[PDB]
Every structure is written in structure tokens, then in C-alpha cells.
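*Asks:* partial complex here, more coming in a sec:
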Amino acid sequence: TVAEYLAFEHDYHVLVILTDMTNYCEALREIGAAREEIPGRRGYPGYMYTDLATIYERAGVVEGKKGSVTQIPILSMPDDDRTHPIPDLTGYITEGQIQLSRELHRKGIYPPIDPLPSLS
Amino acid sequence: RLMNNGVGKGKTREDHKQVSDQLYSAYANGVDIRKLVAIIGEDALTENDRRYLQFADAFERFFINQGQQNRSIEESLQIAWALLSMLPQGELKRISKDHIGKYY
Amino acid sequence: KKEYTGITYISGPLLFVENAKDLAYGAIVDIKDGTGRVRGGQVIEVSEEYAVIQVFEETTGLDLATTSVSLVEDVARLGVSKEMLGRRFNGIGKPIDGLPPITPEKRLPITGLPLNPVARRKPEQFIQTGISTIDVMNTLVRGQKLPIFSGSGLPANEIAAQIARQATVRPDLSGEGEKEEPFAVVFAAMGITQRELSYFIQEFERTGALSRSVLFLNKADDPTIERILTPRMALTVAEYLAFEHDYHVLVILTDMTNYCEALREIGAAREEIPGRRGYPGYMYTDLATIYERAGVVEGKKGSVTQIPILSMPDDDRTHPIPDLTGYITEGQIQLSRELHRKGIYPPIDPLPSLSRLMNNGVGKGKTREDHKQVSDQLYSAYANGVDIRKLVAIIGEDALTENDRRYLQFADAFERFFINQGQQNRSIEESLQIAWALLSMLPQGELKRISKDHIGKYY
């Protein structure tokens, strides 16, 4: 909300950064599962795509105005699964993804980024 | 299941179920040697394992594949015996020696 | 007396009785029909409007018009004594026998009262069973829970009967009054069939090991509530004997899988919404309620040691029953299907076995000095042999070394002389002598775990 305000009303160029979307998904599963609403896939409810899309799509660039909003949601694949519900829904919503590596981190490289599985 | 009562001597031919049993055994052996190949390699094979392999491939290529043609019980049994002759005698412990001598 | 008529519902196991707020939750009732035949019961879920009862055996023949319910006891109690040391009970606790019903000295409640974590002490001494593996490599000190992980077809009843007949305690090594420490055993079997019942009766009355045993038999087609009650009666009698008359007790519970299945069935029929993998959620607490009544205390001289014999259902170690059992107890012993098929009795796999409290029960003053070191060396040599056997099968006896040849022969002789023993009763000295004779087949300097002051006097 603050980002959209500053951008589309005072012409700034914001850059939103959200760490640990995994903790957000955990909080969502826990707050939802207390109302008995058909847990969808490995815990997390059915509307997790709807919610993640509710908060992601708020970043764009409107015509006529001259602001912008840009997001970089950092998330941690739970057990290096790229087929976990959280990374799957996030990859289905957002556009392009930059994937950190694990082998490059052992050899002592920083920032460990394997450009084979990443794109924009 | 209702096959041992509808086939046999006096109904189709006195050697039907025996060719059936033998074809099943030989095809199972060929299918197993497929995996043996995929583990080892085709040149490190015994001299008869290659016979079983080639029987399996000929079986899949001539007995099963038949297009849209109307065969007959006798034509199909002739094809089955042609194939079963690709293996040597005496290594077919299912058929009787009489049929073995009469058809080959 | 014969009060409490007016029931209002009958379906399956349950029976709703109308207004009765004078019955205590958990009571025990009887149900007299309109023809005379009586039954059992157990009150649950008592409220101000009705009181759900659950009958014991069956309910064929009951009607809403001619039926009455009466009280028996406010709790479940057992009349224990010392005269019940040659007898044979069943489930509830009535004698399946010819002898008359005994008279009790106190009627204890069959459950409750956990021990106090500051009124315990540490188990030190050791017990001898006769089986050489469970002696030289998996020692069984008092006050320990050491399960036996049997299998589907493997012989478990025979091992149980052999242990029950052979197992005694050796006070010759410590030094004390000989006729001061009695020994008892409280074999309790749940869910046995009809063959195993006669097998057990003959196996006991053949040797005469009945004079110091108390059997609680639970033939399979009896109701489930009795199969729930059985280990409680067993352990009640056991710890009464021990902590009241200075006995040394050894409790053997057969086929805990049958107990667990009965428990799940009772829960389901009580509408519990099973917790995990179909089993109830409170099963850890329920198991730890009976795997824990056995120990040693400070101030007494008795002890209670358990050997629950269970059976991994699908030859699995990640099933909830073996999982929680290994989680609560300290040790294990694995019967081996391969050794069974090869023809070795008693078939004990000695590699995946273990005993946590072993190092506290062996040493100078208890059995001998070279005990732990001999065990370590036997383990190492057997693992070596069992690996080089497959190695040989692949490569040939052509490209081996002398040490590998000798290790192969050692492993073979160990399987054919130390495990395979039949119906013998090997004392600890005899087992150690066999172990040293077997170890002699190796050259010195390969015994990389024993001390030379020991190698000298032996070997």
C-alpha cells in the first residue's frame, strides 16, 4: 500500500523486497486450517494461489503516470524441492526467476548463482 | 480362463495349448534377456541368449503385427511353428516328442 | 441389587441405559437377560441423562423390555497373594484350571501410580539366560526393557519357552546369602491360538518350571477388553511380588502387536478419529504406561525386568509399533529369517542387535574381566567374515590372502558352533570358553581389541 501510494501519487520509483515468503505461507496455512476448510496440497489450503496472486500482481507500470513498482520476493525452497507448492505457485505467478546455487557455495563463490536454471 | 475347455484335441487341433505354453515361456526368457543386455552389453552374451533375444524380436515383428488381415487358426499355428523352429530342438520341455517330430 | 432397568438403545457393542447418575465412570457391571444368562460390561461416558455401557463378549438375545444392569465394582481390582505361584489365570483373572479360587490379602487396583524419578537407582547386576548370544554379546542386566523383534514365520514361542525354563540369576559371582534371593517369572500371553496354548502348557509342565511361574493366558477368540487388561494384571502381580517380598521377577509379554490392534479396535468402536496411520493418537502414552512399570528402586532388594516379544508386521522397522517400542525401550534382539531357513536354532542375528545397559553389567566382580573386549572382537571378526564371503563368491578363492581365508573359516565356524545350540543350557563360563576357543583360530596381533594380560591366560 505504501509503495503504490508513493509511486502512483508522488512519482517515485519504489523497489519492494519481501524476505521469507515461506514464513508467510506457513502463517497462512496455520491461520486457515483453524476453520476446517479442505486442506489442498500437503497442508496449505486451496486458495494459496489466489492469495499469492493477490499480493504479487500489485506491481506494475501505469500509463500517463511516471512511477513504477518492482518486486524481488526472496524465498527459500523448503528442502531444495522445485516441486513444492510454494515455489510452484510463485513460479506460476511471477515472471522470470533467479535461482541461487548450492555447489558454487561449497567452492567459496559469492554471490552463488548458477545461470543455467535462471532466466527473465 | 475359459480356454482349457474350448480348445484341445477334437475341437481345433491336438497341439494348441502346448504351442501356447511354449511360446509364453520363450517370450518371457527373451524379455528377461533384454534387461540382461541393458545391464551388460550385447557382445558379452552367450551363444543361446542371442537366440532367445532374436526370437523375441521376431515374435514381436511377425506374430503380433498383422495389419488388418483375416488370418485362420491353421495359418497362425503354421506361423507359430515357424517361429518355434528358430530355437533348437530338445530345449522345448513343454511340447511332446510326438508333436515335436510331426511339426518343425 | 438387581436395579437399573429401562435401557433405551442397543446396537453392536453399545447399550444406552436411561436415567442412572449413581454409577461411577469406569465401573464394571453385569447384564442379566430375560432368560438367566449373564454377561459383563464397562461404563463409559456417563452423563446426567444416560450412561453408555459397553458389553464384553456379545449381545445376541437382549431386548429393550426384559433386561437389567447391576453394579459389581467401582474400579478394576485384582486379588493378589503369594499362593498364586503355581497357578494359571486368564484375562479378567479367574483360574482356567481345576484348583480352587485362592483368598487374597489385598485387592490392588490394576493400574496407576508411576514410579518416582528420585526414588530409583541404577541397574548393575546381570541375569543369565543360557542362550550364548544374549549372554556374551547382548547381556541382559536387571531392570532393563529388552524387546525381541521377531518375524512372521520365525519361532518366537519356542524361544520364549526356552528363556522361561532356563533363565536364572547367578549370585555365586557377587558373594552373598545363597538362599536369600528367590526368582520368579510371570509369563503373560495375549492373542494366542489353540495350538500355542497347549504347546505352552506342555512346555512348562514338562520341565516343571511351573513351580515358580504365573501364567495369564488370553486365547485369541476372547473379547478385546480382556486382551487390554491382561498386561496390567501381569505387571501388578509382578511388582507386588518384587517390591513386597524381595523376589527377582522377569516378565515376558507375548505379541504386543495383538495388544496394539485390540487397542485400535476399541478406540474406533468408541469413535476416536484415529491419529496416525490408523492407530490412535495416545498410543505412545499407552505403550509407555506398561513399558515403564519395571525397574529397580533404592531401599528395596527386588527388581522387575521386561522382555516384550513383538513381531514387525510386514518385516518393517518404520511401522509405528516397532518405532515407538524402540523409542521407549533400551535395546533390541533380531531373529533372522536367513539363519532360520538355513537351519540354525536359536536364530539370532548378532550384527543388528544391541543392549544399551550392557556395559553396566559386565566386568570384574560381576562376571569376568575379558567380557566386553571379547564381545568387541567377536563382533569385528564376524562382520569381516560376512563381507569376505560375498567377496569370495564374486572373485574366487584364487586371489585371496591367508588372513581372509582364516576369517572366512572363522565366520563359518561361528555360525555353526556359537549360534546353533539347540536345547542346551550354556552357563556364562561355558559360553566364554567356547568364545575363546573360537577366537583362537585367529593369529595374535589380529586380536586388535584385547589386552595382552588377557590373551596370555587364555587362547
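*Replies:* Nice, thanks for sending it over. Numbers count the residues shown, from 1 in each chain, chains lettered A, B, ... in the order given.

*Asks:* how near is the nearest residue to residue A:80 once chain neighbours are set aside to residue A:79?
*Replies:* In space, and not counting its chain neighbours, residue A:80 is closest to residue A:102: 7.1 Å by Cβ to Cβ, 6 or more residues apart in numbering or on different chains. Any C-beta I mention is one placed from the backbone N, CA and C, and that applies to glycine too. Using Cβ to Cβ, to the nearest Å, residue A:102 is found at 12 Å from residue A:79.

*Asks:* and residue A:38, by the same measure?
*Replies:* In terms of Cβ to Cβ, residue A:38 sits 25 Å off from residue A:79.

*Asks:* could you point out the longest helix of chain A?
*Replies:* Of all the segments assigned as helix in chain A under DSSP state H, the longest by residue count is helix A:21-32.

*Asks:* please name every helix or strand in contact with it.
*Replies:* Under the contact definition 3 or more Cβ pairs under 8 Å, 6 or more residues apart in numbering or on different chains; DSSP states H and E, helix A:21-32 sits against helix A:48-56, helix A:85-93.

*Asks:* closest one to residue A:71 among the ones you listed?
*Replies:* Of all those, helix A:48-56 sits nearest to residue A:71, with 6.9 Å by Cβ to Cβ.

*Asks:* can you put the helices and strands packed on helix A:21-32 in a markdown table and add distance to residue A:23 and mean neighbour count?
*Replies:* Below are the helices and strands packed on helix A:21-32 laid out as a markdown table (distance: least, Cβ to Cβ, whole Å; neighbours: other Cβ atoms under 10 Å in any protein chain shown):
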| stretch | distance to residue A:23 | mean neighbour count |
| --- | --- | --- |
| helix A:48-56 | 14 | 16 |
| helix A:85-93 | 10 | 17 |
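
*Asks:* include this sequence as chain D:
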Amino acid sequence: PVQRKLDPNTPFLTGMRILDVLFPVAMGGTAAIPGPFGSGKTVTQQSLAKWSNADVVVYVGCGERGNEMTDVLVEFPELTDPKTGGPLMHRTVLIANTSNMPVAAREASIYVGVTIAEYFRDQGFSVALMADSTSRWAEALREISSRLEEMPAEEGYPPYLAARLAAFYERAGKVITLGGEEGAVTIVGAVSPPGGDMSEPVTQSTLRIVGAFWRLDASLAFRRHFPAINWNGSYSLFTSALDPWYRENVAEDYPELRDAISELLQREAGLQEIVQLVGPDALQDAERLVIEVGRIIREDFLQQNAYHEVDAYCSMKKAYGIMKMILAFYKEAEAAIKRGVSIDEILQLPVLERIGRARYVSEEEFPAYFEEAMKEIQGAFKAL
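*Replies:* Now chain D, sitting on the chains shown earlier:
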């Protein structure tokens, strides 16, 4: 009711070499033949019903096929029972209840069958119950529970399954009834898992209560290798009380021969593991000999076609003869391999095919056929 229940001490001969020599059943026992569809849980029960040693037979069909029950009403009043010469349909009380008749008649039929068998036992004969597909009973109970609208245990089966099954399997066994005689009710209850997995509640609750257990395998039934009895998942608990009877009525070292055969099979299994790892050519000569003896056993002593003329009822002396021949051949081949001759020649020795086809003989000329082949082996394996 009875006076007292005796201890079983005599076998239940059924004709099949596997289920007689390897996994026996006493004359008071129980068993279970579970396996997926396409294994032969019906061919084996019909063979037990037409080649047993009992006096009477009760064949209960609880949800079977109409054709499977009418191929018995048509053929059995033509065969000759092997004890008196009369027709075979003069000892059968079969109780048909097919798959489209009403649904509670399933449990009704099970209990009717068991009570008839107990009546005949009290009379004094030696009955042999045969319950087919006890799983249909379980599914009937599941439907009645879903109508009662109750709380179901795992997979819907009501929370009193195991009690019924135990009460039904625990009225079978030799007994001395109220007239001072002897009777027996043997039970062989098939089981049909819903995917073949031995983790269904019925497939598990039917363990822990039974004696033998004859687990059928699917791949052996695809290879057309019948019967498809898995030789390492099955087991028997009666094989230690029957040894006096074997020593008295078959041979003297028949227990030792049986032990040697079982040990050889279930040692060859371990070598077959390394075979599948590496390949059956990097093995030594003794190892390949063990593999080939195992295969000869598996194809000449544990195979049996229920549609041959004389290889459909193998007796104890015939099985013991074949075992003797196999053991002697293996012994001499071991000696020769130690000597140094090659395994290919050892296999091309035509005593292979002799002792192979030694099972299609009848039962009259076997006492001479076996002697001739035994002496021929002993000669030909020291000739070379």
C-alpha cells in the same frame, strides 16, 4: 460343544508337491491363499477338493462366478473319488452364492458352511471346509456398516472385523466329540487383496491366526509357471510335529532331504542377488553350478500342471524319489567340479533331461524307473 481338543499329528495330503513336501498342513489346521487376480486361488482349491484324503468336502462360494460354480456341478458326477470308487459328487455339499444374489447371504453362507462341517465332524468323519474369498464377507460387512451410518476403522471396514474372522477360524481342528470318536475340520480360506498388497486389514488380520500361508505371486503367473506359489514369502508352522509320521510312513531320512532342499533354495537366493548385480558369467564354477541346480529344482520339482493325465496327483514316495535323484546328481556334480571338468559338459550330461522328464511318469512303473535312473546317474557321472 466337544469333550476336549487333541493335538494335530497327521498330514493333510493334497496332491501338490509344493504344498505337501515344503509347506505342510496337519489334519486340524488352517491356511490362506492370498494373491491378486490371475493367480489360481480357484484352480488350487478345486484341486484340493478333487484330490484330497478327506472323507467329506464342503465347498463354500462367497461371491464367486456362476461359471466357476457350474463347472463343478457338471464334472464331479463323472470322476471317481480315490477311496471307494464311487462318483466324487457323493461327498460334496457345496453351497453356492454368486456375485449378483443378495448381499447378506454372504455371511449367511459362511456360517452355514461351518456349521454343516462341524455336524459331520461330530458324526465322526474327516471333513475339509473350503471358504472362497473371505474378502467378500468383509465387503458385505462394509456395506451394512455404511447403511448403519457408523464410525469406520481403516479403509471403511467396521471395527469388529478381526473378531468375526478369529471366531470363524477358531472352530477348526481335530477333536474327540461327545461320543468318543475323532473328527477334523480343515479350512482353506482364499483372500483377495484390492491391489495385491499384503497390507489390507483382511490380509493382515488373517495372519497371526493361521498355520500355513501360501502367498501367490503375480510374475510367476504371467510366465505361465503354475502353480504360482512364492517360495520365500510363504511359511508353515506344522512342519515340526509331523516328522514322526513321515519317519513312520514315507522314509527315514525324508526330513533330512527336505532340509537339504530348502537350504539349497534359500541359499541360491543370495547368489541370485549378486547375479542380478554383476551378471551370471563373472561367477565361479561352484556358484554357477548352484544357480543351475536351483533352476533344475524350480522347473522339475516345484512345477505341476493340473491338466496332465498323470502329473496331477503326485504322492509322497514319488516326491521323495525325485528329491533323492536331484540330491545325488548335485553331490556327484560337486565332486566332478572339484575334479576340474567343465560346467557346460556337466550340464550337457543327458541325465539332465532324464531326471527332468521323470515327473510325467505314472505311479506304477516309478519304483523301477527311479532305480534305473539312479544307477545311470551314479555310473555316468564317474565315467567321464
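
*Asks:* hmm, back to that, pull the CA atoms of the longest helix of chain A into PDB?
*Replies:* Presented in PDB, the C-alpha positions along helix A:21-32 are these (Å, rounded to 0.1, in the frame of the first residue of the first chain):
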ATOM      1  CA  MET A  21       7.700 -15.800   1.700                       C
ATOM      2  CA  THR A  22       7.900 -19.300   3.200                       C
ATOM      3  CA  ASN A  23       7.100 -17.900   6.700                       C
ATOM      4  CA  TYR A  24       4.200 -16.100   5.100                       C
ATOM      5  CA  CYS A  25       2.900 -19.400   3.600                       C
ATOM      6  CA  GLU A  26       3.300 -21.100   7.000                       C
ATOM      7  CA  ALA A  27       1.400 -18.400   8.800                       C
ATOM      8  CA  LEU A  28      -1.300 -18.600   6.100                       C
ATOM      9  CA  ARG A  29      -1.700 -22.400   6.400                       C
ATOM     10  CA  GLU A  30      -1.900 -22.100  10.200                       C
ATOM     11  CA  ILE A  31      -4.400 -19.300  10.300                       C
ATOM     12  CA  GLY A  32      -6.600 -21.000   7.700                       C
END
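
*Asks:* would you mind listing what in chain D touches chain B?
*Replies:* Contacts of chain D with chain B, taken as Cβ under 8 Å from any Cβ of the partner chain, map to D:67, D:71, D:222, D:223, D:224, D:279, D:281, D:299, D:307, D:353, D:356, D:357.

*Asks:* could you dump those into a markdown table with distance to chain C added?
*Replies:* Output for the residues of chain D next to chain B, formatted as a markdown table (distance: Cβ to the nearest Cβ, whole Å):
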| residue | distance to chain C |
| --- | --- |
| D:67 | 35 |
| D:71 | 35 |
| D:222 | 24 |
| D:223 | 24 |
| D:224 | 27 |
| D:279 | 11 |
| D:281 | 12 |
| D:299 | 21 |
| D:307 | 32 |
| D:353 | 29 |
| D:356 | 26 |
| D:357 | 29 |
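
*Asks:* chain E next, sequence below:
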Amino acid sequence: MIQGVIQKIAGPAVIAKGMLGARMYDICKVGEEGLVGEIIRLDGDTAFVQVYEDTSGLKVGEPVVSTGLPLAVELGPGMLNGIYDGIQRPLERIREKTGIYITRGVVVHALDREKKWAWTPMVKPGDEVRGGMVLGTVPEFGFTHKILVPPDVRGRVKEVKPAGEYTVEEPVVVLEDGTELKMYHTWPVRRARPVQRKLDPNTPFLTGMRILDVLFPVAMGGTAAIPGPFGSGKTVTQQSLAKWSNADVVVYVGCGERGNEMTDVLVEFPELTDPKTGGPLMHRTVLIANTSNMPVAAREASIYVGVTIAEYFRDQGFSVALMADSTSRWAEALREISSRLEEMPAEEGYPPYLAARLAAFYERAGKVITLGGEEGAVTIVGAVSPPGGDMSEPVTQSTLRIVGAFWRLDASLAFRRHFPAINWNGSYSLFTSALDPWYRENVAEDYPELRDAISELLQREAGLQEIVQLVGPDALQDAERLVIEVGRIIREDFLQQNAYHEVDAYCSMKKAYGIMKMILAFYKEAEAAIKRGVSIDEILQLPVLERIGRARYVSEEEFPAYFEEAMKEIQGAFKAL
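*Replies:* Just below you will find chain E, in place on the chains above:
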């Protein structure tokens, strides 16, 4: 609160009749004899009451009394050298009554209500007191025990009592509002104690173990996690840490663990020393015990009671050290409670709280400045013992990423006689960067670079050992065998600490620095020799190898001289050959 009668009795659940006014989550004692429970639901005029005990034998019509206070502990003087159950019940005074068992419905107070202390005032009338300040002092054997003001109280003092001897039930101060402050107060265990502000990690938690304190440190606010197999010598590590740490008080929490810690601690460390006074170590310990057959509410309240008592001893101004044992057993208890409450599970069966309650226990730890202008700290080292031993279950998956350091006790390393057995290839720590400045200002100026060089030495030794055993440690070029021998020196005379010795159990920071310096000097001179072309056999036959091998067994007084002489002698004797 008004009483009420029972309506339904189904298992451990009891439904009260006539409670219009009872709060949620209150201890209420249901029955004729007292069976303290917990109100978990309220529907119109009733209340579901979950009882802790058996519940068997009750009848419908017996009274139910409420209390009004939600599961508090009694914080005050008297907790040192005590054994307590999960809900703060004194086990010794319980044994004095019930015999050897634990009967139903016993009522005993945590703090002894019959002992007398030496109160010494610290205020005067007409003075201003608010929450978190000091009122007096009383010496509890071993050190001076303050008497704080109950948080969230205030007023103007009116009357104190003169110094002398008074028990825990004489009101020792009386404010203006008429409130009476005693020597103790109660604090509900589910609500953290307040402070002024939370500080940041700038000070190490000096353990005494060289491996930990050098390679994988943890600040004095940290949260470490230490798994343990069955036979890897974990108990001895924990006891050595509790003996030679720099904490002032040690609290130990066990929910499922043995009744051998009792005998072991209470009879070994007393006859042995507390290595600052010689008296028993049990004079700074608050041990808490829980076996398997005790109630689940007891297990949960055990964990929370431990952390609250530690927070109190911090708020007094000390530095505490917690040791939570079997967080996995705690999670088992929590899962059983949940499955009793009919809750929809998540992956592996645990409820969707296992990640929130855990993070609510590990986030009560950290250096802090108390409400009275002081300093305090609480550091937690919680064991994580999986049923199988895989770091992928939910408990471990959350404990990792909630904790800082991680100490991978291994069993093979114990089988190779390498004690302590801490796998450096699997452990890791995160408190190195923000702790470097303390190292520069208090140990030496190159300590970071020495540490990093040693870590690289070990990394290369392992990466080489990958294939050494193939062709045996003889067919390698001289640089490789040099690396291997230096790695052996490292991991056999610096990374190994015989915790039973007399003068080798507490390696100070300067001592560890000296040893690292000597080893790196020997490596530098050996590479300087090999570069010229000396043999790889004189290198290993030199006497400096033994000289540095006997380094750690020396005392802490002669070490500077020993270090100077050793470096001089190495640099000397590494040129003549």
C-alpha cells in the same frame, strides 16, 4: 469463584455445570479431592475441563471449583539445588509423604513455606518504587539473591521491616496503596518477562571446548542445536559444558530423559568440584525431571517453566545457561495433545504450530538490559534427537533456521576414539562475523586469519583424503604427504580434549591461539624445507613434533614461557636439517 457441579464424564474430559463467569485457560480443581485441570471451552453456561490425572472413579454431581490464575510458577528464593516436576512440584518433599509412588491429588508448595532467611533492607519509607527495581537482599547459600519488585507494580513506599530473620510469608514492604509485597511472586509461564531493550551479539559464550569455542562459536545470546546418536558420548559433553562454562547459574530441562542425571550430577560433581568454590555444583542448578509415563500437560509446562525460571534469574542481573533436552520428545507430547483436540494435521502428523511454539521458545534468549539498569543473558542449547537420525523431519527442519550454531555429534568419530566427537565437515556457525571485533581487541590481531588458515588446512586434508586410501598413504608427492601429516597433527593434538584430565579440560583463548600459532609455524617451516628438497622422513622424525604434541597437557601458568621456547626451538631446529 463460585463452585459448579459435573455434568458429563467422558474419558479425561469433564463438562462443568453452572460456571457463568469462569475465564479461559484457568487451573480448576475438579472432583472431591482435587484433580487440577484446565478450562479450554465455554458454551453458554458450561466449560470443558481437561483433567491431567486418571479421571477414573468420578461421579456426576461432585463439585468443581475455579481458581482464576492461569498456570503460574512461584519465583522466589529457594529454587537453587532443587528437583522439580513439569509443573514445579518438589520431588523430595513429595517422596517424604507418598512413599515411592506418586499418588493422585497431592498438594505441595514449590518454595518451602517454613524456612527462615536473613532479610537486609535496601529502601526507606517515603521512597518511590516501580517495576523491576530492588527492595532488599537475602543470601541463598553460594551467592547473594536479590528480591525484585513484581513487574507491573508501583507506588510510594510506606513501611519496611528491620533486618533480621523472616520467612517467605512475612510482608516485607507495604506501599501507599496498601499493597503488600512479599519475598516472591507468581508469573504465568506463557508470557515473557519485559525488559528495557534487547542488545546485540558482541561477546562470546566461552565453553571450554576448543573445537566449539574456536571454530564454531556462539555469542552470549545465542541458540545452538546439538543432535545426538546412541553412543556418541553426548552426556559427558553436556556435563563438561555445564561445569566449565562462564554462566553463573545452569538450568537443565528433560522431558523423557533418564533418572541417571540425578545420581550422576548430584553425587559426582559434589564430591568433585564446582571449579570456583570446591563445593557441589548442585548449588547453582535447578534440575527438572520428567519420565515417559507422566502427563502431557506436565511435559509441555516443563519446557515453558524451565525457560521462565531462567528468564527470572536473568532479570536479577546474572548470566544463565539453559540446556533443553529432547525437544523432539516435547514435540511428541504436543502432537498427542493436538490429536486429542481433534485438529487437522500437517506433514508428518505434527499440528500447524510446531514452527510457532518452537520459535516462541527459542526467541526468549538473548543478551538484554533488565528493568533496573543491569545486564543479563540467556543462552539455549537444545538437543534434537530424531527417531532415525535424519535432518529432514519437521522438528529438525524448523530448529534449523531457528537456531544459530549447530554441533553435529557423530558416532563413527567416537568409534575411532576421537573425543569429543564433533564432525567439522557437517557443523557450522553464524556468530563469527559479528564477533570478530571482540577477537581483535581481546585475543590478538591476526586471530581471524589464523582461524581461516586452519579451516582451509582441514578442508584440503579432507578433499585429499577422498582418494588417499585407494593407493595407500605412501605413493603421493611430498606436498601431499606433508598436508596429510599436518592435518593429522591438527586433528590429533588441537581438536581433541580429554575431558577427564586435571589440567587439560579448560583451554583458554590465549592457549588455543598459541597452539594454532605453533602448528602454522611448523607447517610454514616444513613447506620451506620441502621447497628446497629435504626428505619427507626427517620432517616426521624431528623432535618438535613431540614437543608440540605435549602442548595441551601443560598447565595455564607456564604456557607463555613454554610457547616462547617452543617457537624459538622450532625456528632453530628447522634449518640444521
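
*Asks:* ok chain E is in now, so what about what packs on helix A:21-32?
*Replies:* helix A:48-56, helix A:85-93.

*Asks:* burial count for the residue nearest to residue D:141 when sequence neighbours are not counted?
*Replies:* Distances taken as Cβ to Cβ, 6+ apart put residue D:158 closest to residue D:141, at 5.6 Å, once the chain neighbours are dropped. By other Cβ atoms under 10 Å in any protein chain shown, the residues close to residue D:158 number 21.

*Asks:* now residue D:108
*Replies:* 14.

*Asks:* could you find the closest non-adjacent residue to it?
*Replies:* Residue D:108's closest residue in space is residue D:97 (Cβ to Cβ, 6+ apart), at 7.9 Å.

*Asks:* could you measure the residue nearest the centre of chain A against chain C, distance?
*Replies:* The centre of chain A sits closest to residue A:73, judged by Cα atoms, centre = their mean, with a distance of 4.2 Å. Separation of residue A:73 from chain C (Cβ to the nearest Cβ, to the nearest Å) stands at 34 Å.

*Asks:* pretty sure residue D:151 sits against residue C:271.
*Replies:* Yes: the pair formed by residue D:151 and residue C:271 meets the contact definition of Cβ atoms under 8 Å, at 4.6 Å.

*Asks:* the residue nearest to the centre of chain A contacts residue A:91, correct?
*Replies:* No: if you go by Cβ under 8 Å, residue A:73 and residue A:91 don't touch, sitting 11.3 Å apart.

*Asks:* burial measure for residue D:39, as a count.
*Replies:* 25.

*Asks:* nearest to residue D:199, out of the helices and strands packed on helix A:21-32?
*Replies:* helix A:85-93 (28.2 Å).

*Asks:* the inter-axis angle of the closest one versus helix A:48-56?
*Replies:* For helix A:85-93 against helix A:48-56, the angle by axes from the mean of the first three to the mean of the last three Cα atoms, to 10 degrees is 60 degrees.
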